[PDB]
Amino acid sequence: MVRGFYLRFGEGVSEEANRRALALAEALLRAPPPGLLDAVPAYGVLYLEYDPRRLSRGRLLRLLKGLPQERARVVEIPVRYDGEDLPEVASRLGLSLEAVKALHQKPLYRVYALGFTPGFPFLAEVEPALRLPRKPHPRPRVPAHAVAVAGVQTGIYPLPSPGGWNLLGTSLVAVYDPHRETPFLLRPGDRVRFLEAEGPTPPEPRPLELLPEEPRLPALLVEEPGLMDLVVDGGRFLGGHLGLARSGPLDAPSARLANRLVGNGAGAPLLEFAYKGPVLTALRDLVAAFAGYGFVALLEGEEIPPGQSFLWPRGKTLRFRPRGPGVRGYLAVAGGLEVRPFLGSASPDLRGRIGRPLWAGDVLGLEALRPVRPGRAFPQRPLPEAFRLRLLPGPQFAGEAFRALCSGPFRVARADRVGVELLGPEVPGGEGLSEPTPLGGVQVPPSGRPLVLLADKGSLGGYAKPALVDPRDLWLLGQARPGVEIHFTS
């Protein structure tokens with residue numbers, strides 16, 4: 001289970017409010033108590049997420065009062081001003097090309113938020129004469145290293161992503177590179193000066209491998225991948241302030257069952273798959289467990305329902321036959337899978353190009369030899385055909401939104417690890433400054449469909465969250481697929 005809450009020190013783009021939020025975040029991150037999952041500052045907002053079992057709401061709040069209200073750096077960014085919108089920005093604002101460039105360089109900027117995508121800074125304040133809205137319609141792809149402005153803010157796109165900000169140039173330094181000893185050039189609270197320069201365009205950051213090329217205990221060979229097979233652990237914690245998603249298993253209880261059935265710790269690395277599973281061959285005798293939904297395991301002609309462990313002899317090929325309800329299954333192996341963690345976790349952050357899905361020819365290994373007796377089983381709770389999701393008030397609570405959400409059935413339009421898009425009764429939404437995304441938040445834009453945010457959600461978002469899915473019902477959304485009916489209750 002995961003819970004969270006928001007502290008706010010003032011509205012809008014305010015230096016004092018941000019200073020306060022940052023003082024607490026930095027003190028927490030410097031010495032995080034067990035049970036703290038995240039401490040994310042953005043503008044005057046601080047979002048804390050915690051595990052109730054290890055850290056009570058009351059105990060966390062008392063720590064925050066004990067911490068000091070004061071903080072305990074100026075980064076130069078070379079920019080080539082070759083942005084595609086440079087002429088348009090100039091003409092629209094009645095400025096020359098050179099005035100735009102000089103105006104962009106004048107301020108000493110401050111980082112008010114970081115991580116819309118990993119390492120992506122939102123900086124302020126842009127000079128009054130250079131303030132222009134974002135484009136009426138966003139580009140589907142802004143290139144890596146684009147330096148851009150919108151209103152009082154300027155930003156650097158660390159990787160290619162959608163965006164409607166006005167592109168003025170190209171950063172000649174990469175703000176995010178996961179292969180680098182210091183992957184994030186900028187931190188919350190940093191100060192920034194842009195300067196016109198020329199030099200090589202930084203390459204796009206390359207994906208970071210988390211699986212060893214030569215495992216110490218080779219265990220299985222991927223004959224054929226499923227749709228998206230991911231090696232996950234319990235998740236990546238204390239990285240939302242950098243834009244790193246929580247990740248981990250989308251149906252956590254199922255992953256925990258799989259691990260426990262083979263005598264592993266709940267968050268030992270294991271395989272998650274969905275819709276179509278992989279075809280795997282054992283390279284040594286293994287004890288494995290399959291949990292979750294959407295499949296029956298197939299081994300040596302025999303079918304294996306989810307919720308039990310089994311002997312997996314060397315040379316034998318395991319498969320997964322689709323069988324509703326559900327879509328997402330978990331394969332654990334006794335000893336866990338060997339992984340090379342990044343910032344405390346072996347879970348993938350596909351947005352950040354940390355990790356990747358399995359490929360044909362991949363070899364996975366055991367972390368250690370920990371033999372356990374096969375044939376353990378535990379009854380899985382039933383997975384209903386239609387979901388009933390309990391709602392809690394969200395940070396942008398509105399009575400009308402809440403009523404709309406509980407007014408009648410919705411249907412899943414789209415579902416993945418980032419979130420679940422809903423089609424159903426109209427729900428009023430909103431947009432403002434980005435604030436940190438809460439796990440299970442029901443995001444509703446001014447016009448558009450509600451999106452329930454899951455483990456691979458971006459760290460920051462501007463759209464209103466009038467409701468949160470009860471943490472006890474989050475596992476159901478890890479088993480969602482298009483067409484599934486959903487009812488919300490309060």
# chains A, B, ... in the order shown; residues from 1 in each chain; ligands from 1

$ residues_around --residues "range 379-386 of chain A" --least-positions-apart "5" --cutoff "10 Å" --atoms "only C-alpha atoms" --output "PDB file with N, CA and C atoms, in the first residue's frame"
ATOM      1  N   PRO A 253       0.309  -6.894  -5.324  1.00  0.00           N
ATOM      2  CA  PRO A 253       0.001  -8.103  -4.559  1.00  0.00           C
ATOM      3  C   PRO A 253       0.310  -9.402  -5.308  1.00  0.00           C
ATOM      4  N   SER A 254       0.049  -9.436  -6.607  1.00  0.00           N
ATOM      5  CA  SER A 254       0.360 -10.621  -7.401  1.00  0.00           C
ATOM      6  C   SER A 254       1.861 -10.867  -7.486  1.00  0.00           C
ATOM      7  N   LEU A 257       3.026 -12.227  -4.156  1.00  0.00           N
ATOM      8  CA  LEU A 257       2.665 -13.628  -3.998  1.00  0.00           C
ATOM      9  C   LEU A 257       3.669 -14.524  -4.727  1.00  0.00           C
ATOM     10  N   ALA A 291       2.100 -16.115 -10.595  1.00  0.00           N
ATOM     11  CA  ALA A 291       0.941 -15.497  -9.952  1.00  0.00           C
ATOM     12  C   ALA A 291       0.374 -14.402 -10.849  1.00  0.00           C
ATOM     13  N   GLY A 292      -0.770 -13.863 -10.457  1.00  0.00           N
ATOM     14  CA  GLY A 292      -1.474 -12.886 -11.272  1.00  0.00           C
ATOM     15  C   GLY A 292      -2.594 -13.502 -12.088  1.00  0.00           C
ATOM     16  N   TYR A 293      -2.957 -12.835 -13.180  1.00  0.00           N
ATOM     17  CA  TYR A 293      -4.151 -13.191 -13.943  1.00  0.00           C
ATOM     18  C   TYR A 293      -3.876 -13.140 -15.440  1.00  0.00           C
ATOM     19  N   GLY A 294      -4.868 -13.531 -16.234  1.00  0.00           N
ATOM     20  CA  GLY A 294      -4.765 -13.451 -17.683  1.00  0.00           C
ATOM     21  C   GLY A 294      -4.147 -14.652 -18.384  1.00  0.00           C
ATOM     22  N   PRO A 306      -2.414 -19.826 -11.873  1.00  0.00           N
ATOM     23  CA  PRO A 306      -1.626 -18.874 -11.095  1.00  0.00           C
ATOM     24  C   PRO A 306      -1.839 -19.053  -9.588  1.00  0.00           C
ATOM     25  N   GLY A 307      -0.804 -18.773  -8.797  1.00  0.00           N
ATOM     26  CA  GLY A 307      -0.880 -18.901  -7.344  1.00  0.00           C
ATOM     27  C   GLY A 307      -0.165 -20.127  -6.801  1.00  0.00           C
ATOM     28  N   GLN A 308       0.765 -20.682  -7.576  1.00  0.00           N
ATOM     29  CA  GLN A 308       1.527 -21.836  -7.127  1.00  0.00           C
ATOM     30  C   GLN A 308       2.924 -21.904  -7.734  1.00  0.00           C
ATOM     31  N   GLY A 324      -8.706 -15.486 -19.671  1.00  0.00           N
ATOM     32  CA  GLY A 324      -9.300 -14.406 -18.880  1.00  0.00           C
ATOM     33  C   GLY A 324      -9.869 -14.909 -17.561  1.00  0.00           C
ATOM     34  N   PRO A 325     -10.214 -13.986 -16.644  1.00  0.00           N
ATOM     35  CA  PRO A 325     -10.053 -12.542 -16.773  1.00  0.00           C
ATOM     36  C   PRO A 325      -8.645 -12.083 -16.398  1.00  0.00           C
ATOM     37  N   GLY A 326      -8.380 -10.794 -16.578  1.00  0.00           N
ATOM     38  CA  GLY A 326      -7.059 -10.227 -16.319  1.00  0.00           C
ATOM     39  C   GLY A 326      -6.164 -10.292 -17.538  1.00  0.00           C
ATOM     40  N   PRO A 409     -21.658   4.046 -15.203  1.00  0.00           N
ATOM     41  CA  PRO A 409     -20.508   3.250 -15.636  1.00  0.00           C
ATOM     42  C   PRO A 409     -19.568   3.977 -16.600  1.00  0.00           C
ATOM     43  N   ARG A 411     -16.003   3.019 -19.149  1.00  0.00           N
ATOM     44  CA  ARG A 411     -15.372   1.900 -19.841  1.00  0.00           C
ATOM     45  C   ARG A 411     -13.928   2.269 -20.107  1.00  0.00           C
ATOM     46  N   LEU A 476      -6.440  -3.610  -9.145  1.00  0.00           N
ATOM     47  CA  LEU A 476      -7.412  -3.900 -10.214  1.00  0.00           C
ATOM     48  C   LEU A 476      -7.033  -3.215 -11.532  1.00  0.00           C
ATOM     49  N   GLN A 479      -4.757  -4.826 -13.816  1.00  0.00           N
ATOM     50  CA  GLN A 479      -5.392  -5.890 -14.599  1.00  0.00           C
ATOM     51  C   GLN A 479      -6.444  -5.364 -15.600  1.00  0.00           C
ATOM     52  N   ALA A 480      -6.487  -4.048 -15.790  1.00  0.00           N
ATOM     53  CA  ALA A 480      -7.414  -3.425 -16.725  1.00  0.00           C
ATOM     54  C   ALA A 480      -7.025  -3.687 -18.186  1.00  0.00           C
ATOM     55  N   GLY A 483     -12.297  -2.006 -22.816  1.00  0.00           N
ATOM     56  CA  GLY A 483     -13.615  -2.635 -22.799  1.00  0.00           C
ATOM     57  C   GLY A 483     -14.122  -2.944 -21.403  1.00  0.00           C
ATOM     58  N   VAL A 484     -13.215  -3.055 -20.431  1.00  0.00           N
ATOM     59  CA  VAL A 484     -13.614  -3.368 -19.062  1.00  0.00           C
ATOM     60  C   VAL A 484     -14.513  -2.258 -18.525  1.00  0.00           C
ATOM     61  N   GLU A 485     -15.624  -2.648 -17.904  1.00  0.00           N
ATOM     62  CA  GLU A 485     -16.527  -1.701 -17.262  1.00  0.00           C
ATOM     63  C   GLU A 485     -15.992  -1.308 -15.878  1.00  0.00           C
ATOM     64  N   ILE A 486     -16.160  -0.031 -15.522  1.00  0.00           N
ATOM     65  CA  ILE A 486     -15.735   0.505 -14.232  1.00  0.00           C
ATOM     66  C   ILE A 486     -16.871   1.333 -13.610  1.00  0.00           C
ATOM     67  N   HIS A 487     -17.116   1.123 -12.316  1.00  0.00           N
ATOM     68  CA  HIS A 487     -17.999   1.980 -11.523  1.00  0.00           C
ATOM     69  C   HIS A 487     -17.171   2.607 -10.407  1.00  0.00           C
TER      70      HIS A 487
END

$ select_by_dssp --residues "range 130-367 of chain A" --states "strand (DSSP E or B)" --output "VMD selection string"
chain A and resid 139 to 142 146 to 150 153 to 156 161 to 163 166 to 171 176 184 191 to 196 208 218 to 224 230 to 232 270 to 274 276 279 to 282 286 to 292 295 to 299 302 to 304 308 to 312 317 to 322 328 to 333 337 342 345 349 354 363 to 366

$ closest_residue --among "A:363, A:332, A:298, A:197" --to "residue 213 in chain A" --atoms "only C-alpha atoms"
A:363

$ closest_residue --among "A:83, A:453, A:372, A:126" --to "residue 285 in chain A" --atoms "only C-alpha atoms"
A:372

$ residues_around --residues "residue 309 in chain A" --least-positions-apart "6" --cutoff "9 Å" --atoms "only C-alpha atoms" --output "CSV table (one decimal) with N, CA and C atoms, in the first residue's frame"
chain,number,residue,atom,x,y,z
A,258,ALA,N,4.0,-14.2,-6.0
A,258,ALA,CA,4.9,-15.0,-6.8
A,258,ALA,C,6.2,-15.1,-6.1
A,261,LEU,N,6.0,-17.3,-2.9
A,261,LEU,CA,5.8,-18.7,-3.2
A,261,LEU,C,7.1,-19.5,-3.4
A,262,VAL,N,8.2,-18.8,-3.8
A,262,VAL,CA,9.5,-19.4,-4.0
A,262,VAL,C,10.5,-18.9,-2.9
A,287,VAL,N,13.1,-23.7,-9.3
A,287,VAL,CA,11.8,-23.6,-8.7
A,287,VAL,C,11.3,-22.2,-9.0
A,288,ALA,N,10.1,-22.2,-9.6
A,288,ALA,CA,9.5,-21.0,-10.1
A,288,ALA,C,8.0,-20.9,-9.6
A,289,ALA,N,7.5,-19.7,-9.6
A,289,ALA,CA,6.1,-19.5,-9.2
A,289,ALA,C,5.4,-18.5,-10.2
A,290,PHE,N,4.2,-18.8,-10.6
A,290,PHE,CA,3.4,-18.0,-11.5
A,290,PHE,C,2.2,-17.4,-10.7
A,291,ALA,N,2.1,-16.1,-10.6
A,291,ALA,CA,0.9,-15.5,-10.0
A,291,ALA,C,0.4,-14.4,-10.8
A,332,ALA,N,8.2,-15.5,-10.8
A,332,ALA,CA,9.3,-15.4,-9.9
A,332,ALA,C,10.1,-16.7,-10.0
A,333,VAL,N,11.4,-16.6,-9.7
A,333,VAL,CA,12.3,-17.8,-9.5
A,333,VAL,C,13.0,-17.8,-8.2
A,373,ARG,N,11.4,-25.9,-1.6
A,373,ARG,CA,10.6,-27.0,-2.0
A,373,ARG,C,9.5,-26.5,-3.0
A,374,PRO,N,9.3,-27.1,-4.1
A,374,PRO,CA,8.2,-26.7,-5.0
A,374,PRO,C,6.9,-27.2,-4.6
A,375,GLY,N,5.8,-26.7,-5.2
A,375,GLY,CA,4.4,-27.1,-4.9
A,375,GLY,C,3.8,-26.3,-3.8
A,376,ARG,N,4.2,-25.1,-3.6
A,376,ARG,CA,3.5,-24.2,-2.7
A,376,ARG,C,2.3,-23.6,-3.4
A,377,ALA,N,1.2,-23.3,-2.7
A,377,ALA,CA,0.1,-22.6,-3.3
A,377,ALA,C,-0.6,-21.8,-2.3

$ closest_atom_pairs --of "range 181-243 of chain A" --to "range 415-429 of chain A" --cutoff "12 Å" --atoms "only C-alpha atoms" --output "JSON lines"
{"residue": "A:227", "atom": "CA", "partner": "A:416", "partner_atom": "CA", "distance": 11.6}
{"residue": "A:228", "atom": "CA", "partner": "A:416", "partner_atom": "CA", "distance": 10.3}
{"residue": "A:229", "atom": "CA", "partner": "A:417", "partner_atom": "CA", "distance": 12.0}
{"residue": "A:230", "atom": "CA", "partner": "A:417", "partner_atom": "CA", "distance": 11.0}

$ write_last_selection --atoms "C-alpha atoms" --output "PDB file, in the first residue's frame"
ATOM      1  CA  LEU A 227       4.121  -7.983 -25.851  1.00  0.00           C
ATOM      2  CA  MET A 228       6.089  -6.177 -23.125  1.00  0.00           C
ATOM      3  CA  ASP A 229       8.017  -8.400 -20.680  1.00  0.00           C
ATOM      4  CA  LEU A 230       9.642  -6.341 -17.914  1.00  0.00           C
TER       5      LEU A 230
END

$ closest_residue --among "A:353, A:54, A:414, A:472" --to "residue 451 in chain A" --atoms "only C-alpha atoms"
A:414

$ closest_atom_pairs --of "range 59-128 of chain A" --to "range 434-449 of chain A" --cutoff "10 Å" --atoms "only C-alpha atoms" --output "tab-separated table"
residue	atom	partner	partner_atom	distance
A:113	CA	A:434	CA	8.2
A:115	CA	A:436	CA	9.5
A:116	CA	A:434	CA	8.3
A:122	CA	A:434	CA	9.5

$ write_last_selection --atoms "N, CA, C and O atoms" --output "mmCIF file, in the first residue's frame"
data_model
loop_
_atom_site.group_PDB
_atom_site.id
_atom_site.type_symbol
_atom_site.label_atom_id
_atom_site.label_comp_id
_atom_site.auth_asym_id
_atom_site.auth_seq_id
_atom_site.Cartn_x
_atom_site.Cartn_y
_atom_site.Cartn_z
ATOM 1 N N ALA A 113 10.886 23.470 -10.755
ATOM 2 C CA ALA A 113 10.398 22.096 -10.847
ATOM 3 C C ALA A 113 11.335 21.336 -11.758
ATOM 4 O O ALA A 113 12.022 21.927 -12.593
ATOM 5 N N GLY A 115 11.520 17.392 -13.764
ATOM 6 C CA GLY A 115 11.163 16.015 -14.044
ATOM 7 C C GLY A 115 9.880 15.733 -14.791
ATOM 8 O O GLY A 115 9.407 14.597 -14.759
ATOM 9 N N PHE A 116 9.311 16.721 -15.480
ATOM 10 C CA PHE A 116 8.124 16.446 -16.304
ATOM 11 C C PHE A 116 8.401 15.219 -17.182
ATOM 12 O O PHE A 116 7.560 14.328 -17.320
ATOM 13 N N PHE A 122 11.911 23.134 -15.268
ATOM 14 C CA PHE A 122 11.077 24.310 -15.497
ATOM 15 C C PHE A 122 11.706 25.484 -14.742
ATOM 16 O O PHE A 122 11.798 25.466 -13.513
#

$ closest_residue --among "A:455, A:280, A:31, A:210" --to "residue 248 in chain A" --atoms "only C-alpha atoms"
A:455

$ closest_residue --among "A:406, A:211, A:433, A:398" --to "residue 44 in chain A" --atoms "only C-alpha atoms"
A:433

$ closest_residue --among "A:270, A:142, A:337, A:221" --to "residue 359 in chain A" --atoms "only C-alpha atoms"
A:221
